[PDB]
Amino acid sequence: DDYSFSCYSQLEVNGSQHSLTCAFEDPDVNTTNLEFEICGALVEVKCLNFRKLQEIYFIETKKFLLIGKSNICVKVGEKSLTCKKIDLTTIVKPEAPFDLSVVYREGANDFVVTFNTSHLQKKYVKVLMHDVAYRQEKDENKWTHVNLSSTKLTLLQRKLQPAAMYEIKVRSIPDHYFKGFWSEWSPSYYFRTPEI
């Protein structure tokens, strides 16, 4: 009865080409004869058809203008069920951070935690905010979160348990100009703190 949906775009996922990914909010919707289409703010083309896979709808294309709003419609045959005007730059899901690394500096008695990001967060200069989460790998229930705009974070050795395994991971969300959603978590990094 309700064909409401949500989408996320990703930018430069395969060279200069972007992607758009849409799915119904109701997981039980029969998608067998429902199609998705996007029209407007496209490069020299009126509309594009999504490809349907496993209840999800995908487009991979260079043809997003990224300036202005687009119209995304759920169609059965030619009949337009529901539509949504969306600026593709307001629903961006960043790629996950990666190559997480931890360095110990004995002199400073601290840990330098770095991670890698997109080509784009460097091209588009100040746009993402990152969320670094860590916790004692077992025993401890909830995570400790630190927000930052750069790719480098310091943890004081003496603010962590000694001789203990820590788990640490990172994710990103558009923070300036762009808007959107949390990336997937990076793969976790595990390390054991110095004994005392």
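One rule holds for the numbers: they count along the sequence shown, beginning at 1.
- When the mean C-alpha temperature factors of 67 to 75 and 96 to 104 are read from the deposited coordinates, 67 to 75 comes out higher.
- Comparing 108 to 116 with 79 to 87, the stretch with the higher mean C-alpha B-factor in the PDB entry is 79 to 87.
- In the deposited coordinates, the residue among 172, 16, 21, 186 with the greatest CA B-factor is 16.
- The entry lists a Cα temperature factor for residue 51 that places it in the lowest third of the chain's modelled residues.
- The entry lists a Cα temperature factor for residue 44 that places it in the highest third of the chain's modelled residues.
- In the PDB entry, a CA B factor belonging to the lowest third of its chain's modelled residues is recorded for residue 8.
- Per the PDB record, residue ranking by Cα B-factor puts residue 131 in the middle third of the chain.
- Residue 32 sits in the lowest third of its chain by CA B factor, as recorded in the PDB entry.
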